[PDB]
Amino acid sequence: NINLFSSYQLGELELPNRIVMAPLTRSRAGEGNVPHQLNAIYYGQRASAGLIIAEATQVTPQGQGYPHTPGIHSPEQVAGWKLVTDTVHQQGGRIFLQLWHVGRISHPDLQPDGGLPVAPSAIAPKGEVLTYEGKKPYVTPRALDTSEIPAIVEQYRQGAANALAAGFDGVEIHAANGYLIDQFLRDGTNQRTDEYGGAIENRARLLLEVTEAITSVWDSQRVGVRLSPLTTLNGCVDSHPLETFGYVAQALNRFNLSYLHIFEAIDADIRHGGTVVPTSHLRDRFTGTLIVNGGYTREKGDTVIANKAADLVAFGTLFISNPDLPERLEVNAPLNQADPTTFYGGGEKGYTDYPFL
Ligand SMILES: Cc1cc2nc3c(=O)[nH]c(=O)nc-3n(C[C@H](O)[C@H](O)[C@H](O)COP(=O)(O)O)c2cc1C
C-alpha cells in the first residue's frame with residue numbers, strides 16, 4: 001500500500017517520499033544571472049521534498065526570456081548554484097536542475113547584442129513581454145538555420161555539464177510550456193520544411209538529440225524530461241496531441257531516463273469535451289518513472305500512487321507557500337496560502353518567510 005510517503009528508488013538515489021517540488025521560476029537571480037545565498041536558503045528550506053526540481057535555468061544567454069532568471073552557462077553561475085546544492089545536500093535533500101531555453105518567448109532587450117530570439121519558425125507570440133524597461137510587444141523570432149541545430153544541442157550539453165560541475169544530483173530537460181524544445185514539438189509553432197519539421201519524427205528530433213547529448217554527460221537515470229501535452233501557455237499548441245505526445249513517450253524509452261514528468265494542464269478536462277491526452281496514455285507508452293503534476297493534493301496524490309497511475313507527484317504552488325509541505329501533508333496540517341504578488345522577483349518577502357509548521 002504505497003502512498004505519497006513511500007520511499008522510492010530513482011536510479012542510485014533513494015527518495016524518502018514520493019513528493020517532488022516542481023520547477024518554479026522565482027526571478028531572484030543576482031548580477032550576471034547568478035544564484036546567491038538567499039536562493040540557497042529558499043531551496044534548503046524545501047529539502048524535505050523527495051526530490052527538488054530547481055527553477056527553469058537558461059543554458060545559454062539567448063535562452064533567457066524573463067528578467068533576473070538564473071543561468072547555467074558561466075563559471076559565476078556554476079559557483080552560485082553550488083551554494084544552493086551545498087545547502088540542499090547539507091539538509092539531506094536531492095536536487096535536479098531544470099535546463100531551459102525560452103526560444104521565441106523573449107525580447108531583443110534580453111538577448112545578446114539586442115538580437116532576435118530564436119525559434120523553429122518565425123511566428124511571433126501574441127501579447128506583451130516584460131523587459132527591464134517594462135512591458136513591450138513581442139517581435140518575430142528568427143527561424144534557426146538547419147546548420148544551427150547542432151549549436152542548440154551543444155548549448156544544452158554545456159548547460160548539463162555546468163550543472164554537473166555545480167553539484168546537482170541530476171537535470172530535467174524543459175520540453176514543456178511552449179519553450180524552445182516544445183516550440184519544435186508542436187505543429188502550431190513549427191512550420192519548418194527540413195528534418196526538424198513536418199512529420200512527428202522530425203518535430204521530436206530536437207528533443208531526442210538534446211536528450212542524447214545530455215545522457216553523454218550524465219548517467220541517463222539522472223536525466224528527466226518534462227512535457228505539458230495540453231497546455232496552451234505561450235501560444236504553443238499541437239493539432240494532434242495524442243499522437244505527438246504518445247510518440248514522444250515511447251521514443252524516450254531507449255534513453256533509460258530518470259523519469260518523464262507531465263504537467264497536466266489545469267484546464268485540460270474543461271477545454272475539451274474532455275481531456276484528449278489522458279496521462280494513462282503516456283503511462284502506458286513510457287515504461288520508466290512517471291511524475292505527474294497539476295493541482296495535486298494529499299488525496300489526489302495518494303490515489304494516483306495507489307492506482308499505479310504515477311510514481312511521483314510534483315507540487316508547484318503549494319511548495320511556494322509551504323517549505324515543509326511533506327510534513328504538513330503527512331500529518332494533515334493546515335497549509336499556508338500562496339501570495340501570487342511575490343511569486344516573481346524581489347527579496348525575502350514571499351520567498352523565504354513562509355512559516356514552518
Ligand atoms: C510561479 C510559478 C513559476 C513556474 N515556473 C516554472 C518553471 O520554471 N518550469 C516549469 O516547467 N514550470 C513552471 N511552472 C509550472 C509549475 O511547475 C507547475 O507545473 C504548475 O504550477 C502546476 O502545478 P501546481 O498546481 O502544483 O502549482 C511555474 C508555475 C508557477 C506558479
Side-chain angles (χ1 to χ4, degrees), residues 4 18-29 33 35 39 42-43 46 49-59 63-72 81 84 95-103 105-106 130 159 163 171-183 185 207 224-234 236 259-269 279 290-301 304 310 312-322 325-326 328-329 335-346 349-351 354:
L4 276 168
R18 309 305 190 85
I19 293 161
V20 174
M21 176 176 169
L24 298 153
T25 291
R26 307 302 307 278
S27 306
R28 285 172 170 87
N33 300 333
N39 307 137
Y42 165 73
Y43 282 113
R46 288 155 181 71
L51 178 65
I52 295 168
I53 306 159
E55 68 206 277
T57 293
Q58 58 270 187
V59 297
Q64 184 177 6
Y66 305 84
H68 316 300
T69 64
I72 190 59
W81 279 116
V84 172
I95 183 164
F96 281 21
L97 183 62
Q98 192 190 53
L99 301 177
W100 198 24
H101 190 307
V102 294
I105 304 297
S106 188
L130 183 67
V171 289
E172 181 178 274
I173 297 164
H174 193 164
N177 299 339
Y179 299 111
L180 181 69
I181 294 173
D182 205 14
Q183 285 157 38
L185 288 175
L207 171 57
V225 170
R226 196 173 205 204
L227 303 169
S228 61
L230 288 176
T231 56
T232 61
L233 298 163
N234 300 135
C236 181
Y259 61 76
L260 176 62
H261 180 176
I262 305 302
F263 168 20
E264 296 174 329
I266 296 319
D267 56 5
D269 278 295
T279 295
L290 189 74
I291 314 190
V292 295
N293 161 268
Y296 281 84
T297 60
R298 189 205 170 144
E299 174 198 47
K300 292 164 126 279
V304 295
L312 298 175
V313 177
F315 299 81
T317 304
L318 288 173
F319 255 119
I320 294 175
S321 54
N322 296 272
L325 180 67
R328 290 177 182 257
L329 296 182
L335 299 166
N336 302 145
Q337 169 172 342
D339 174 9
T341 72
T342 52
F343 288 176
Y344 297 110
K349 191 179 219 314
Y351 185 57
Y354 285 102

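For the single chain, residues carry numbers from 1 onward in sequence order. The figures that follow rest on heavy atoms only: side chains count, while hydrogens, waters and symmetry mates do not. As the structure lists them, so they are numbered: ligands from 1, and atoms in each ligand from 1.
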Distance under 6.0 Å and angle within 45° of the ring axis: does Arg28 meet both against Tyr351? yes
Measure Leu318 to ligand 1 on non-hydrogen atoms and call it side chain, backbone, both or neither using the 4.0 Å cut-off. neither
A student checking ligand 1 against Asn177 at a 4.0 Å heavy-atom cut-off should list atoms 10 (C), 11 (O), 12 (N)
Please check: side-chain N/O of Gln64 versus main-chain N/O of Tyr66, any donor-acceptor pairing under 3.5 Å? yes
If we only count N/O pairs under 3.5 Å, is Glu55 in contact with ligand 1? no
Should the pair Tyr179 and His174 be assigned to parallel (<30°), tilted (30 to 60°) or perpendicular (>60°) ring geometry? perpendicular
So which heavy atom on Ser321 is nearest to which on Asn336, and how close? O-OD1, 2.8 Å
Could you pull out, from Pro23, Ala175, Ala176, the option with a heavy atom nearest to atom 16 (C) of ligand 1? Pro23
Would you mind running through ligand 1 and noting each atom that sits below 4.0 Å from a heavy atom of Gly316? 24 (P), 26 (O), 27 (O)
Please check this pair: side chain of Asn293 against backbone of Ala314, looking for a donor-acceptor N/O pair closer than 3.5 Å. yes
What is the closest protein heavy atom to atom 18 (C) of ligand 1, and at what distance does it sit? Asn293 OD1, 3.5 Å
What are the two closest non-hydrogen atoms of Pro70 and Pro35, and how far apart are they? CB-CG, 4.0 Å
Within a distance under 4.0 Å of any heavy atom of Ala22, pick out the atoms of ligand 1 and give their elements. 17 (O)
Minimum heavy-atom distance between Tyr296 and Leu318, given as atom pair plus value: O-CD1, 4.2 Å
Can you check whether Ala56 has an N/O within less than 3.5 Å of an N/O in ligand 1? yes
Contact check, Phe315 vs ligand 1, heavy-atom distance below 4.0 Å: yes
Could you tell me whether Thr25 approaches ligand 1 through its side chain, its backbone, both or neither, with non-hydrogen atoms closer than 4.0 Å? both
From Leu312 CG over to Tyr259 OH, what is the distance, rounded to the nearest 0.5 angstrom? 9.0 Å
Of the backbone atoms (N, CA, C, O) and the side-chain heavy atoms from C-beta on, which set of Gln98 has a member under 4.0 Å from an atom of ligand 1: side chain, backbone, both, or neither? side chain
Relative to the heavy atoms of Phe343, which atoms of ligand 1 are at a distance of less than 4.0 Å? 1 (C)
Ligand 1 atoms nearer than 4.0 angstrom to some heavy atom of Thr317 are 24 (P), 26 (O), 27 (O)
May I ask you to identify the nearest protein heavy atom to atom 30 (C) of ligand 1, giving residue, atom name and distance to one decimal place in Å? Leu24 CD2, 3.7 Å
Please could you name the atoms of ligand 1 that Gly295 approaches to less than 4.0 Å, counting only its heavy atoms? 24 (P), 25 (O)
Would you call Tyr344 a ligand 1 contact, heavy-atom distance under 4.0 Å? yes
Between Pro23 and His261, which heavy-atom pair has the shortest distance, and what is it? CD-CE1, 3.9 Å
Are the side chain of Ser228 and the backbone N or O of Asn177 linked by a donor-acceptor pair below 3.5 Å? yes
Closest heavy-atom pair and its distance - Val225, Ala175: CG1-CB, 4.3 Å
Using distance alone, decide if ligand 1 has a nitrogen or oxygen within less than 3.5 Å of any nitrogen or oxygen in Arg226. yes
